[PDB]
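Asker: So I pulled this structure from the PDB, and the sequence comes with it:
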Amino acid sequence: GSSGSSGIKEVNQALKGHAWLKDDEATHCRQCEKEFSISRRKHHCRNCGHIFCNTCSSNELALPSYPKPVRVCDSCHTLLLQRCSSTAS
Ligand SMILES: [Zn+2]
Ligand SMILES: [Zn+2]
């Protein structure tokens, strides 16, 4: 014979988005998402060329553009570290 069973547990979902936000002059970091402060200055990457904080700029790497390793962002450091550059230029 056949013995079926109906009855599923579902939940309503409808999250609303409403929060004053604006990033024109790099109000906050583009990674950690933290409020910039006097002590926490900003750092303009040399590769990606973006705005980041000290926490997101505590790494250096020797790029093919510059002779010596400059201060880069974790987004570039880790990336370049987990990438494959076989004479790409
Ligand atoms: Zn940051
Ligand atoms: Zn970068």
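Answerer: Nice, I can see it. Numbering: from 1, shown residues only. Ligands and ions are numbered 1, 2, ... in the order given.
Asker: centroid residue for the protein?
Answerer: residue 31 (3.5 Å; Cα atoms, centre = their mean).
Asker: Run a quick neighbour tally on the residue nearest to it when sequence neighbours are not counted.
Answerer: Nearest residue to residue 31, sequence neighbours excluded (Cβ to Cβ, 6 or more residues apart in numbering): residue 56, at 4.6 Å. Every residue, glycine included, has its C-beta placed from N, CA and C. A count of nearby residues for residue 56, using other Cβ atoms under 10 Å, gives 23.
Asker: ok, now which ones touch residue 56?
Answerer: 29, 30, 31, 32, 43, 73, 74, 75 (Cβ atoms under 8 Å, 6 or more residues apart in numbering).
Asker: now the residues you listed as TSV including secondary structure and distance to ligand 1?
Answerer: Shown next, in TSV, are the contacts of residue 56 (DSSP: H, G, I helix; E, B strand; the rest coil; distance: Cβ to the ion, whole Å):
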residue	secondary structure	distance to ligand 1
29	coil	3
30	coil	8
31	coil	5
32	coil	3
43	strand	9
73	coil	8
74	helix	8
75	helix	10
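Asker: Buried only: go through the residues you listed for me.
Answerer: 29, 31, 43, 73, 74, 75 (16 or more other Cβ atoms under 10 Å).
Asker: from the residues you listed, which is closest to ligand 2?
Answerer: The nearest member of these to ligand 2, counting by Cβ to the ion, is residue 73 at 3.5 Å.
Asker: Was I right to think that closest one contacts residue 31?
Answerer: Yes: in this structure, residue 73 is within contact of residue 31 by Cβ atoms under 8 Å, at 7.2 Å.
Asker: what's the overlap in contacts for those two?
Answerer: Joint contacts of residue 73 and residue 31 (Cβ under 8 Å, 6+ apart) are 52, 56.
Asker: Ligand 2 contacts on this structure?
Answerer: Contacts of the chain with ligand 2, taken as Cβ under 5 Å from the ion, map to 45, 47, 48, 73, 75, 76.
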